[PDB]
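Each of the two blocks below gives one form of the same protein chain as structure tokens; they are labelled structure 1 and structure 2.
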Structure 1
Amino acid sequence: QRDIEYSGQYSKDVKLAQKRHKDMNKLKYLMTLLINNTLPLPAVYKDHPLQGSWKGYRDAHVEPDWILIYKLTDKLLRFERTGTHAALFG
């Protein structure tokens, strides 16, 4: 069975998105698709593996400048970060 995980930073990121008036239902919907293993994700998410410092993780677009970084293996799904390109990659 796949474990569902949230990094410490992820909870902070979610709180910041809430504070900044982001549409939280969009993030919830995407998260639920991942938790349910409903794959592949719809094309609108532009889902892809990351390289560089985020090697081993994936990038999905909640919105054009609202990114979800997560890890998906046979053993785990981990929600790692969420926010802007500048915050997550800069």
Structure 2
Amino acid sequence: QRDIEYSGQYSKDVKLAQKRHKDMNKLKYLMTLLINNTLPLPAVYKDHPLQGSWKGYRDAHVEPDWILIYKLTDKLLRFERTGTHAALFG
């Protein structure tokens, strides 16, 4: 079992999503899949390595404009950020 972590930024991003009335079940379900070692993820998540040279970092789509950024190694799963393309890349 991978150790589970989340960043301080991740906590702020989930609070913002909550405030924006996003459907938190979509995000929670995806988080559970990752925690449960469901890899590769179902195709609907369009999961892929994060753009750039950040080792082990990946990018999954909860919705077309709701992204989860996380790091995944054999020992570790860390939830890093979540939000729109504008919030994460813009």
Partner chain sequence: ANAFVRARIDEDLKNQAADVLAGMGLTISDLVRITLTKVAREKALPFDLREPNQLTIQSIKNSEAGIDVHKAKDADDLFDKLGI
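The term rigid core refers to the most C-alpha atoms you can superpose between the two forms while keeping them within 1.5 Å. Throughout, residue numbering runs from 1 along the sequence of structure 1. Residues that one form lacks are left out of the comparison.
TODO: Go through 1 and 2 and tell me the one that is the form solved in complex with the partner chain.
DONE: That would be structure 2, which is the form solved in complex with the partner chain.
TODO: Establish whether a shift of 2 Å or more occurs at the C-alpha of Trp54 between the two structures, with the two forms superposed on the rigid core.
DONE: After core superposition, the displacement of the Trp54 C-alpha between the two structures reaches the 2 Å mark, so yes.
- [ ] Once both forms sit on the same core, give the Cα displacement of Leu16 between the two structures in angstrom.
- [x] Spelling it out: core superposed, C-alpha of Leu16 shifted, distance 0.3 Å.
Task: Per-residue Cα shift, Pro40, between the two structures [Å; core superposed] - done: Reported C-alpha shift between the two structures: 1.1 Å at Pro40.
Task: Mobile segments between the two structures - rigid core superposition, Cα shift of 2 Å or more, 3+ residues - done: The run that moves is 51 to 56, and no other.
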